[PDB]
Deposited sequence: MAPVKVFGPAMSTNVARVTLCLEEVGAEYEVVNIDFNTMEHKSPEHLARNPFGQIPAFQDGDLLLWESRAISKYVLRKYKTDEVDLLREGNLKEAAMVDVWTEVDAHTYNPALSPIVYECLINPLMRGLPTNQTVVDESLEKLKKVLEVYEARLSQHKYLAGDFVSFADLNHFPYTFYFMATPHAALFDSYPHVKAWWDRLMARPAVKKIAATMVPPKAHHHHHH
């Protein structure tokens, strides 16, 4: 019984769910656009369970399909799970609020509506993001991935908005942070990530 994801595949929050589903090898069906295509929250159905909110859906998927091969939350190991949780929360409350206004001002608003970019909002965000990337640079100088030497929910959570940031004029900023840039290219080589990236087209 394939689970159902409701929403536009190019939404950052729908792509978070489908990336998790691809990383665990689950079969699923994506059901149509809306009723913003870049931000809309997914609904989800697995049998009689109906869920909302992409982070809760994603964690349900990573638990239900966990194997010894594929354990992206590490819940049996409290130290590892704690590090997954830490960098999941850094994404949600620190990295994404610094990066997503750049994506909206430079990519989404011009692309969807021909709206002008507000360079003052973008510039505030860039200075905030630069301080954040200094922290990621030190972390990813110690480990291949954010939670340790294994890929996890923490890394996957960074994919959808960062992918769109890479289509703005500021993508070159990551080159000032070579270990962050190395980590980004590691993620972009994963076959599940390439699969979802091909779905994220306007």
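Novice: In sequence order, name the stretches of the deposited sequence that have no C-alpha in these coordinates.
Specialist: Coordinates drop out over 1, 37-49, 217-225.
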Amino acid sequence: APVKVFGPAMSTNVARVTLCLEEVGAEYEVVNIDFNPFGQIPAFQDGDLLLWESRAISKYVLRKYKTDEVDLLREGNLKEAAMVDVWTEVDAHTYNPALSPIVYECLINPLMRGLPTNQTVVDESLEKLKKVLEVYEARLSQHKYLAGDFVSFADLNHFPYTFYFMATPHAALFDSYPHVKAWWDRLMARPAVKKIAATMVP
From here on, numbers count along this sequence of modelled residues.
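Novice: For the C-alpha atoms alone, is the average B factor greater in 76-84 or in 114-122, going by the entry?
Specialist: It is 114-122.
Novice: Using only C-alpha atoms and the B-factors in the entry, which stretch averages higher, 165-173 or 54-62?
Specialist: If you average the C-alpha B-factors of 165-173 and of 54-62, the larger mean comes out for 165-173.
Novice: Choose from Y145, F38, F159, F153 the residue with the greatest Cα B-factor as stated in the PDB record.
Specialist: Of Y145, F38, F159, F153, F38 has the highest C-alpha B-factor.
Novice: Just say lowest, middle or highest third for the CA B-factor of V193 relative to the other modelled residues in its chain.
Specialist: Lowest third, going by the recorded CA B-factors of the chain.
Novice: Could you look up the Cα B-factor of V17 in the entry and say which third of the chain it sits in: lowest, middle or highest?
Specialist: It belongs to the lowest third of the chain when residues are ordered by C-alpha B-factor.
Novice: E127's Cα B-factor: lowest, middle or highest third of the chain?
Specialist: For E127, the deposited C-alpha B-factor lands in the highest third.
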